[PDB]
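Note: the block below is my_file.txt and it holds compact mmCIF, N, CA and C atoms.
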# COMPACT_ATOMS: atom_id res chain seq x y z
N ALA A 1 0.84 -1.22 0.00
CA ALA A 1 0.00 0.00 0.00
C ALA A 1 0.88 1.28 0.00
N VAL A 2 1.16 1.78 1.19
CA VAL A 2 2.02 2.95 1.39
C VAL A 2 3.47 2.47 1.64
N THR A 3 4.39 3.33 1.24
CA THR A 3 5.83 3.10 1.33
C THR A 3 6.53 4.20 2.15
N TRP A 4 6.66 3.93 3.43
CA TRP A 4 7.33 4.85 4.36
C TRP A 4 8.85 4.67 4.27
N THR A 5 9.48 5.65 3.63
CA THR A 5 10.92 5.58 3.36
C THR A 5 11.64 6.63 4.23
N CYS A 6 12.74 6.19 4.82
CA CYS A 6 13.58 7.02 5.68
C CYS A 6 15.03 7.05 5.18
N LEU A 7 15.75 8.07 5.59
CA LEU A 7 17.15 8.26 5.16
C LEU A 7 18.09 8.30 6.37
N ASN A 8 18.57 7.11 6.71
CA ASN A 8 19.50 6.93 7.84
C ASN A 8 20.96 6.90 7.37
N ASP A 9 21.81 7.43 8.24
CA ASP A 9 23.24 7.53 7.95
C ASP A 9 23.94 6.32 8.57
N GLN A 10 24.37 5.42 7.71
CA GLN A 10 25.07 4.19 8.09
C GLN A 10 26.59 4.33 7.95
N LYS A 11 27.27 4.10 9.05
CA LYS A 11 28.74 4.18 9.11
C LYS A 11 29.32 2.85 8.66
N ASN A 12 29.38 2.74 7.34
CA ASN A 12 29.93 1.54 6.69
C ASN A 12 31.34 1.28 7.24
N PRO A 13 31.61 0.09 7.81
CA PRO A 13 32.93 -0.24 8.37
C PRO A 13 34.01 -0.46 7.29
N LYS A 14 33.56 -0.87 6.11
CA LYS A 14 34.44 -1.08 4.93
C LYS A 14 35.08 0.24 4.48
N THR A 15 34.24 1.26 4.37
CA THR A 15 34.69 2.59 3.94
C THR A 15 34.92 3.53 5.13
N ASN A 16 34.64 3.04 6.35
CA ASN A 16 34.66 3.80 7.62
C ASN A 16 33.99 5.18 7.52
N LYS A 17 33.01 5.24 6.61
CA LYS A 17 32.31 6.47 6.24
C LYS A 17 30.81 6.29 6.46
N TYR A 18 30.17 7.43 6.64
CA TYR A 18 28.72 7.56 6.82
C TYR A 18 28.00 7.81 5.49
N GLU A 19 27.12 6.87 5.16
CA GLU A 19 26.34 6.92 3.91
C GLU A 19 24.86 7.05 4.25
N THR A 20 24.13 7.73 3.38
CA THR A 20 22.70 7.98 3.59
C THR A 20 21.87 7.04 2.72
N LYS A 21 21.52 5.92 3.34
CA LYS A 21 20.75 4.86 2.69
C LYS A 21 19.24 5.15 2.85
N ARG A 22 18.47 4.57 1.93
CA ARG A 22 17.01 4.77 1.89
C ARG A 22 16.29 3.53 2.42
N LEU A 23 15.94 3.60 3.69
CA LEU A 23 15.21 2.53 4.38
C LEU A 23 13.71 2.60 4.09
N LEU A 24 13.33 1.85 3.07
CA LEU A 24 11.92 1.71 2.66
C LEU A 24 11.23 0.66 3.54
N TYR A 25 10.12 1.13 4.11
CA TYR A 25 9.23 0.33 4.96
C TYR A 25 7.81 0.29 4.37
N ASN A 26 7.21 -0.88 4.49
CA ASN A 26 5.84 -1.03 4.02
C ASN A 26 4.92 -0.78 5.22
N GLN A 27 4.10 0.27 5.12
CA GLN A 27 3.11 0.60 6.17
C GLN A 27 2.33 -0.66 6.58
N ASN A 28 1.84 -1.40 5.59
CA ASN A 28 1.11 -2.66 5.84
C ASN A 28 1.79 -3.51 6.90
N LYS A 29 3.11 -3.56 6.83
CA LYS A 29 3.96 -4.27 7.80
C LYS A 29 4.06 -3.56 9.15
N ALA A 30 4.19 -2.25 9.13
CA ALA A 30 4.19 -1.40 10.33
C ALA A 30 2.85 -1.47 11.08
N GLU A 31 1.76 -1.13 10.37
CA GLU A 31 0.37 -1.25 10.85
C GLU A 31 0.00 -2.70 11.20
N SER A 32 0.76 -3.68 10.69
CA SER A 32 0.56 -5.11 10.99
C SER A 32 1.34 -5.56 12.23
N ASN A 33 2.62 -5.21 12.27
CA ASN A 33 3.52 -5.47 13.42
C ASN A 33 2.96 -4.86 14.71
N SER A 34 2.49 -3.63 14.56
CA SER A 34 1.79 -2.92 15.64
C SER A 34 0.46 -3.56 16.00
N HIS A 35 -0.17 -4.24 15.04
CA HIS A 35 -1.43 -4.99 15.28
C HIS A 35 -1.18 -6.47 15.66
N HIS A 36 0.00 -6.70 16.23
CA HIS A 36 0.43 -8.01 16.73
C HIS A 36 0.99 -7.92 18.16
N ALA A 37 1.83 -6.92 18.37
CA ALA A 37 2.39 -6.60 19.69
C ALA A 37 1.31 -6.13 20.68
N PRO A 38 1.47 -6.47 21.98
CA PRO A 38 0.53 -6.06 23.02
C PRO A 38 0.69 -4.57 23.32
N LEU A 39 -0.42 -3.95 23.68
CA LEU A 39 -0.46 -2.52 24.00
C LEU A 39 -0.12 -2.26 25.47
N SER A 40 1.19 -2.15 25.69
CA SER A 40 1.74 -1.99 27.04
C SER A 40 3.17 -1.44 26.99
N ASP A 41 3.32 -0.25 27.56
CA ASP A 41 4.62 0.41 27.63
C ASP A 41 5.55 -0.42 28.53
N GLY A 42 6.64 -0.86 27.92
CA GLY A 42 7.70 -1.63 28.63
C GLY A 42 7.09 -2.71 29.52
N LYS A 43 6.57 -3.75 28.87
CA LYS A 43 5.93 -4.87 29.59
C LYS A 43 6.04 -6.19 28.82
N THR A 44 7.12 -6.26 28.06
CA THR A 44 7.37 -7.43 27.20
C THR A 44 8.86 -7.72 27.28
N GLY A 45 9.24 -8.83 26.66
CA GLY A 45 10.62 -9.30 26.65
C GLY A 45 11.65 -8.22 26.28
N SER A 46 11.59 -7.82 25.03
CA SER A 46 12.43 -6.72 24.51
C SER A 46 12.02 -5.33 25.04
N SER A 47 10.96 -5.31 25.87
CA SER A 47 10.30 -4.13 26.47
C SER A 47 9.20 -3.60 25.55
N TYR A 48 9.49 -3.68 24.26
CA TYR A 48 8.62 -3.22 23.17
C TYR A 48 7.25 -3.89 23.18
N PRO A 49 6.19 -3.15 22.83
CA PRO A 49 6.26 -1.73 22.41
C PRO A 49 6.41 -0.78 23.59
N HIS A 50 7.47 0.01 23.48
CA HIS A 50 7.77 0.99 24.54
C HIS A 50 7.11 2.32 24.19
N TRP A 51 6.72 3.04 25.23
CA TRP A 51 6.16 4.38 25.07
C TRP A 51 7.19 5.28 24.37
N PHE A 52 6.62 6.02 23.46
CA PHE A 52 7.34 6.98 22.64
C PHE A 52 7.09 8.35 23.24
N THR A 53 8.10 8.75 24.00
CA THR A 53 8.18 10.11 24.60
C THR A 53 7.74 11.16 23.58
N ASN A 54 8.08 10.95 22.31
CA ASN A 54 7.73 11.85 21.19
C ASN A 54 8.17 13.29 21.52
N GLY A 55 9.23 13.36 22.31
CA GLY A 55 9.72 14.63 22.86
C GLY A 55 9.12 14.92 24.23
N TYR A 56 7.89 14.49 24.50
CA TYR A 56 7.21 14.68 25.81
C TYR A 56 8.01 14.02 26.95
N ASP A 57 7.68 14.45 28.17
CA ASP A 57 8.28 13.88 29.39
C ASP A 57 7.47 12.70 29.97
N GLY A 58 6.22 12.63 29.55
CA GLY A 58 5.24 11.62 30.01
C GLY A 58 4.00 12.23 30.66
N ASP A 59 3.62 13.38 30.13
CA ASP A 59 2.47 14.14 30.63
C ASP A 59 1.86 15.02 29.53
N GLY A 60 2.75 15.72 28.81
CA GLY A 60 2.37 16.63 27.71
C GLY A 60 3.41 17.71 27.45
N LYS A 61 4.11 18.10 28.50
CA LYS A 61 5.22 19.04 28.38
C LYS A 61 6.49 18.32 27.90
N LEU A 62 7.32 19.10 27.23
CA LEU A 62 8.57 18.58 26.67
C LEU A 62 9.79 19.19 27.41
N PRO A 63 10.91 18.45 27.49
CA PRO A 63 12.12 18.90 28.19
C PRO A 63 12.82 20.02 27.39
N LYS A 64 14.07 20.26 27.72
CA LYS A 64 14.90 21.30 27.06
C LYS A 64 15.09 20.94 25.58
N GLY A 65 14.44 21.75 24.75
CA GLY A 65 14.47 21.60 23.29
C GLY A 65 13.31 20.72 22.82
N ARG A 66 12.12 21.29 22.93
CA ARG A 66 10.86 20.66 22.53
C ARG A 66 10.86 20.40 21.03
N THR A 67 10.90 19.11 20.70
CA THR A 67 10.89 18.66 19.29
C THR A 67 9.97 17.45 19.04
N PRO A 68 8.66 17.61 19.31
CA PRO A 68 7.71 16.49 19.17
C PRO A 68 7.43 16.25 17.69
N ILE A 69 7.76 15.03 17.25
CA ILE A 69 7.52 14.63 15.85
C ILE A 69 6.06 14.92 15.52
N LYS A 70 5.90 15.88 14.62
CA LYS A 70 4.56 16.28 14.15
C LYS A 70 4.17 15.37 12.98
N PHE A 71 3.16 14.56 13.26
CA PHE A 71 2.59 13.60 12.29
C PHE A 71 1.49 14.24 11.43
N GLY A 72 0.75 15.14 12.07
CA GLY A 72 -0.40 15.85 11.47
C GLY A 72 -1.75 15.41 12.06
N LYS A 73 -1.67 14.78 13.23
CA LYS A 73 -2.85 14.35 14.00
C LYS A 73 -2.96 15.16 15.29
N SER A 74 -4.18 15.14 15.83
CA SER A 74 -4.49 15.82 17.10
C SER A 74 -4.29 14.89 18.30
N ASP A 75 -4.52 13.60 18.09
CA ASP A 75 -4.30 12.55 19.10
C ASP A 75 -2.82 12.13 19.22
N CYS A 76 -2.14 12.10 18.08
CA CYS A 76 -0.69 11.83 18.03
C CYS A 76 0.14 12.98 18.61
N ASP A 77 -0.38 14.20 18.45
CA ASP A 77 0.20 15.41 19.06
C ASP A 77 -0.32 15.66 20.49
N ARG A 78 -1.42 14.99 20.83
CA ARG A 78 -2.06 15.10 22.16
C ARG A 78 -1.08 14.70 23.29
N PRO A 79 -1.35 15.11 24.54
CA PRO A 79 -0.50 14.76 25.67
C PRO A 79 -0.57 13.26 25.97
N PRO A 80 0.55 12.53 25.81
CA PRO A 80 0.59 11.08 26.04
C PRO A 80 0.61 10.83 27.54
N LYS A 81 -0.59 10.62 28.07
CA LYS A 81 -0.80 10.39 29.50
C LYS A 81 -0.25 9.02 29.93
N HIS A 82 1.08 8.94 29.87
CA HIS A 82 1.84 7.73 30.19
C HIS A 82 1.95 7.61 31.72
N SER A 83 1.37 6.52 32.21
CA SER A 83 1.37 6.21 33.65
C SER A 83 2.66 5.46 34.04
N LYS A 84 2.61 4.59 35.04
CA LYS A 84 3.76 3.76 35.46
C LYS A 84 4.29 2.85 34.34
N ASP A 85 3.46 1.89 33.94
CA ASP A 85 3.78 1.01 32.79
C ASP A 85 3.00 1.41 31.51
N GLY A 86 2.62 2.69 31.47
CA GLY A 86 1.80 3.26 30.38
C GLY A 86 0.56 2.39 30.07
N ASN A 87 -0.13 1.99 31.13
CA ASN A 87 -1.27 1.05 31.05
C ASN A 87 -2.19 1.24 32.26
N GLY A 88 -2.95 2.32 32.18
CA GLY A 88 -3.89 2.70 33.24
C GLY A 88 -5.25 2.05 33.02
N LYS A 89 -6.23 2.94 32.98
CA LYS A 89 -7.63 2.57 32.68
C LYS A 89 -8.00 2.87 31.22
N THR A 90 -7.43 3.96 30.71
CA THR A 90 -7.64 4.45 29.33
C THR A 90 -6.45 5.30 28.84
N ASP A 91 -5.26 4.95 29.32
CA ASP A 91 -4.01 5.66 28.94
C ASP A 91 -4.00 5.85 27.41
N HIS A 92 -3.68 7.05 26.98
CA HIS A 92 -3.59 7.37 25.54
C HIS A 92 -2.19 7.90 25.19
N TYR A 93 -1.23 7.01 25.37
CA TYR A 93 0.18 7.33 25.10
C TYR A 93 0.58 6.87 23.70
N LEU A 94 1.51 7.62 23.11
CA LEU A 94 2.06 7.26 21.80
C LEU A 94 3.17 6.23 21.96
N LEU A 95 2.92 5.04 21.43
CA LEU A 95 3.89 3.92 21.51
C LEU A 95 4.79 3.93 20.27
N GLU A 96 5.97 3.34 20.44
CA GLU A 96 7.00 3.22 19.40
C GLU A 96 7.54 1.79 19.31
N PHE A 97 6.98 1.05 18.37
CA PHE A 97 7.44 -0.31 18.11
C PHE A 97 8.55 -0.31 17.04
N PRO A 98 9.63 -1.09 17.23
CA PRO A 98 10.70 -1.25 16.23
C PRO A 98 10.25 -2.10 15.04
N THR A 99 9.71 -1.39 14.07
CA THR A 99 9.22 -2.03 12.83
C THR A 99 10.40 -2.37 11.89
N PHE A 100 10.25 -3.51 11.23
CA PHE A 100 11.28 -4.05 10.32
C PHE A 100 10.85 -3.95 8.85
N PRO A 101 11.81 -3.77 7.92
CA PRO A 101 11.51 -3.63 6.48
C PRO A 101 11.15 -4.97 5.84
N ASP A 102 11.88 -6.03 6.20
CA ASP A 102 11.61 -7.43 5.80
C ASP A 102 10.13 -7.78 5.94
N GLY A 103 9.54 -7.16 6.96
CA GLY A 103 8.13 -7.32 7.26
C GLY A 103 7.83 -8.41 8.27
N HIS A 104 8.90 -8.79 8.94
CA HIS A 104 8.83 -9.76 10.02
C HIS A 104 8.49 -9.04 11.33
N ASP A 105 7.97 -9.87 12.20
CA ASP A 105 7.61 -9.46 13.56
C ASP A 105 8.71 -9.87 14.53
N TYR A 106 9.74 -9.04 14.57
CA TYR A 106 10.86 -9.20 15.50
C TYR A 106 10.38 -9.74 16.84
N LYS A 107 11.22 -10.59 17.42
CA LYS A 107 10.96 -11.18 18.75
C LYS A 107 11.08 -10.11 19.84
N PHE A 108 10.00 -9.35 19.96
CA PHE A 108 9.89 -8.29 20.97
C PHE A 108 9.54 -8.80 22.37
N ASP A 109 9.10 -10.06 22.37
CA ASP A 109 8.78 -10.81 23.59
C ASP A 109 10.01 -11.53 24.16
N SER A 110 11.09 -11.60 23.37
CA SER A 110 12.30 -12.31 23.78
C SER A 110 13.20 -11.38 24.58
N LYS A 111 13.03 -11.47 25.91
CA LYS A 111 13.80 -10.65 26.86
C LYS A 111 15.30 -10.87 26.72
N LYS A 112 15.66 -12.11 27.02
CA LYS A 112 17.04 -12.59 26.92
C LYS A 112 17.12 -13.96 26.23
N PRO A 113 17.85 -14.00 25.11
CA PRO A 113 18.53 -12.85 24.49
C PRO A 113 17.53 -11.95 23.74
N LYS A 114 18.08 -10.89 23.16
CA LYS A 114 17.27 -9.87 22.47
C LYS A 114 18.18 -9.14 21.49
N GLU A 115 18.11 -9.59 20.23
CA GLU A 115 18.86 -8.95 19.13
C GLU A 115 18.59 -7.44 19.14
N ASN A 116 19.61 -6.71 18.68
CA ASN A 116 19.53 -5.26 18.53
C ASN A 116 18.26 -4.86 17.75
N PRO A 117 17.61 -3.76 18.17
CA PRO A 117 16.39 -3.28 17.51
C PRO A 117 16.71 -2.70 16.12
N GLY A 118 15.73 -1.97 15.59
CA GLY A 118 15.79 -1.34 14.27
C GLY A 118 15.75 0.19 14.37
N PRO A 119 16.18 0.90 13.30
CA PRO A 119 16.14 2.36 13.26
C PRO A 119 14.72 2.88 13.06
N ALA A 120 14.13 2.59 11.90
CA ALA A 120 12.75 2.94 11.61
C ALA A 120 11.76 2.18 12.49
N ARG A 121 10.92 2.98 13.11
CA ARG A 121 9.93 2.51 14.08
C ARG A 121 8.55 3.06 13.75
N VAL A 122 7.56 2.23 14.07
CA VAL A 122 6.15 2.58 13.85
C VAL A 122 5.60 3.33 15.06
N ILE A 123 4.85 4.38 14.74
CA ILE A 123 4.21 5.23 15.76
C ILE A 123 2.71 5.19 15.58
N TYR A 124 2.05 5.08 16.72
CA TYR A 124 0.60 4.88 16.79
C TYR A 124 0.11 5.04 18.23
N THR A 125 -1.09 5.63 18.31
CA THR A 125 -1.74 5.92 19.61
C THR A 125 -2.20 4.60 20.26
N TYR A 126 -3.11 4.68 21.23
CA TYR A 126 -3.64 3.51 21.97
C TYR A 126 -4.87 3.87 22.81
N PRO A 127 -5.86 2.96 22.90
CA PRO A 127 -5.93 1.68 22.16
C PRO A 127 -6.34 1.81 20.69
N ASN A 128 -6.62 3.05 20.33
CA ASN A 128 -6.93 3.45 18.95
C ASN A 128 -5.95 2.83 17.96
N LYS A 129 -4.65 2.98 18.27
CA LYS A 129 -3.57 2.46 17.43
C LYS A 129 -3.65 3.02 16.00
N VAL A 130 -4.20 4.24 15.94
CA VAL A 130 -4.39 4.99 14.68
C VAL A 130 -3.00 5.30 14.14
N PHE A 131 -2.50 4.33 13.37
CA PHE A 131 -1.20 4.37 12.71
C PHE A 131 -0.95 5.78 12.19
N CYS A 132 -0.01 6.45 12.85
CA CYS A 132 0.33 7.82 12.47
C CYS A 132 1.33 7.78 11.32
N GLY A 133 2.46 7.17 11.62
CA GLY A 133 3.55 6.99 10.66
C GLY A 133 4.73 6.20 11.19
N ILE A 134 5.79 6.28 10.41
CA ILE A 134 7.07 5.64 10.76
C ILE A 134 8.14 6.72 10.89
N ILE A 135 8.94 6.56 11.92
CA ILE A 135 10.04 7.49 12.18
C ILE A 135 11.34 6.70 12.35
N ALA A 136 12.43 7.28 11.87
CA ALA A 136 13.75 6.65 11.96
C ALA A 136 14.80 7.69 12.32
N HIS A 137 15.90 7.18 12.84
CA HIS A 137 16.99 8.07 13.27
C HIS A 137 17.90 8.27 12.07
N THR A 138 17.82 9.47 11.53
CA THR A 138 18.66 9.92 10.41
C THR A 138 20.15 9.65 10.61
N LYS A 139 20.56 9.48 11.87
CA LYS A 139 21.92 9.03 12.20
C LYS A 139 21.85 7.64 12.84
N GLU A 140 21.92 6.64 11.97
CA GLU A 140 21.92 5.20 12.31
C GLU A 140 20.61 4.80 13.02
N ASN A 141 20.65 4.77 14.35
CA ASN A 141 19.51 4.42 15.21
C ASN A 141 19.54 5.21 16.53
N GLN A 142 20.01 6.45 16.45
CA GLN A 142 20.16 7.30 17.63
C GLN A 142 19.80 8.76 17.39
N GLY A 143 20.33 9.30 16.28
CA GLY A 143 20.06 10.68 15.82
C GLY A 143 18.55 10.99 15.87
N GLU A 144 18.24 12.28 15.82
CA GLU A 144 16.84 12.72 15.87
C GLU A 144 15.95 11.93 14.89
N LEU A 145 14.94 11.31 15.48
CA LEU A 145 13.98 10.49 14.73
C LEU A 145 13.21 11.38 13.76
N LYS A 146 13.54 11.23 12.49
CA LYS A 146 12.88 11.99 11.44
C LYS A 146 11.74 11.15 10.86
N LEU A 147 10.54 11.69 11.08
CA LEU A 147 9.29 11.12 10.54
C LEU A 147 9.46 10.83 9.04
N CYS A 148 9.60 9.55 8.75
CA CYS A 148 9.70 9.05 7.37
C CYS A 148 8.53 9.62 6.55
N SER A 149 8.67 9.49 5.25
CA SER A 149 7.69 10.04 4.33
C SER A 149 7.37 9.04 3.22
N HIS A 150 6.07 8.96 2.98
CA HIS A 150 5.57 8.05 1.93
C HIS A 150 5.08 8.79 0.66
If you took the structure in this file and wrote it as structure tokens, what would it be?
Amino acid sequence: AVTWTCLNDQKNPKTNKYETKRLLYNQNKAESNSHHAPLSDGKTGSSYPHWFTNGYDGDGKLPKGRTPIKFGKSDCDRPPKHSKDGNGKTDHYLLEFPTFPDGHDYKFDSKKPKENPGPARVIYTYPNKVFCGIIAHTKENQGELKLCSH
């Protein structure tokens, strides 16, 4: 359906240089992976799906240098009322699952061991899970998560 593509900088060990590769993700897989994982902030093996601060602190306000990934939604931009385990009575926090391009459902339940996650991640509310988009770290898997574009 939709093709969420991101541009992450990979430090190729062969060339010891940073290259900007195009990480194409299939929304169908993101909206699917997210429709497989349980809706609970840090309550699984790999912890995932973990609450996505989205720049927020866990209430609605943002720390020093407010940079909340703007998806273009009112609920995705809404204050993510993240509780203890982000699982109250009707918690509406923005979760961030590590979505894969292959379209597999990474073992997010596998605590130990637990292979390294992915750069591009799926973002979606709860329990609505109104798939907002995919975001990836323009610098490998750490740099500011730039909302991929389809």
**Message:** Calculated over all atoms listed in the file, which of the candidates A:28, A:133, A:84, A:2 has the smallest distance to residue A:71?
**Reply:** A:133
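Around stretch 42-48 of chain A, within 5 Å and counting all atoms listed in the file, the residues found are residues 108, 109, 110 and 111 of chain A, once anything fewer than 4 positions away on its own chain is removed.
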Serialized selection, N, CA and C atoms, as a tab-separated table (two decimals), in the frame of the given file:
chain	number	residue	atom	x	y	z
A	108	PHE	N	10.00	-9.35	19.96
A	108	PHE	CA	9.89	-8.29	20.97
A	108	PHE	C	9.54	-8.80	22.37
A	109	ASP	N	9.10	-10.06	22.37
A	109	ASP	CA	8.78	-10.81	23.59
A	109	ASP	C	10.01	-11.53	24.16
A	110	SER	N	11.09	-11.60	23.37
A	110	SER	CA	12.30	-12.31	23.78
A	110	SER	C	13.20	-11.38	24.58
A	111	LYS	N	13.03	-11.47	25.91
A	111	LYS	CA	13.80	-10.65	26.86
A	111	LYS	C	15.30	-10.87	26.72
**Asked** Between A:97, A:126, A:131, A:56, which is the closest to residue A:33 once you count all atoms listed in the file?
**Response** A:97
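For the point (6.5, -0.3, 22.2) in file coordinates, the residues within 6 Å, using only C-alpha atoms, are residues 41, 48, 49, 50, 51, 95, 96 and 97 of chain A.
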**Prompt:** Residues at most 7 Å from residue A:91, counting only C-alpha atoms, excluding those fewer than 3 positions away in the same chain, as a list in words?
**Reply:** residues 81, 82, 86, 87 and 88 of chain A
Starting from 5 Å padding per side, set up an axis-aligned box that covers all listed atoms of stretch 130-147 of chain A and hand over centre and edge lengths in Å, one decimal, as JSON.
{"center_x": 8.8, "center_y": 8.5, "center_z": 13.3, "size_x": 36.3, "size_y": 18.5, "size_z": 18.6}
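The residue set within 8 Å of residue A:103, counting only C-alpha atoms and dropping same-chain residues fewer than 3 places from it, reads residues 26, 29, 30, 33, 99 and 100 of chain A.
Closest approach to residue A:68 among A:146, A:8, A:27, A:140 is made by A:146 (distances from only C-alpha atoms).
Atom C of residue A:129 lies 28.4 Å from atom CA of residue A:9.
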**Fill in**
note - atom CA of residue A:132 and atom C of residue A:89 are separated by 21.1 Å
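Each of A:1, A:6, A:37, A:24 was checked against residue A:145 using only C-alpha atoms; the smallest atom-to-atom distance is that of A:6.
The gap separating atom C of residue A:123 from atom N of residue A:4 is 12.8 Å, in Å to one decimal.
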**Asked** Which parts of chain A does DSSP call helix (DSSP H, G or I) when run on the backbone here, written out as number ranges by chain?
**Response** A: 27-33
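Closest approach to residue A:39 among A:90, A:3, A:67, A:10 is made by A:90 (distances from only C-alpha atoms).
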**Request:** Give me the residues within 7 Å of residue A:69 as a list in words, counting all atoms listed in the file and dropping any in the same chain fewer than 4 places off.
**Result:** residues 54, 55, 76, 77, 145 and 147 of chain A
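Candidate residues A:118, A:7, A:61, A:52 were compared for distance to residue A:148, and the nearest is A:7, using only N, CA and C atoms.
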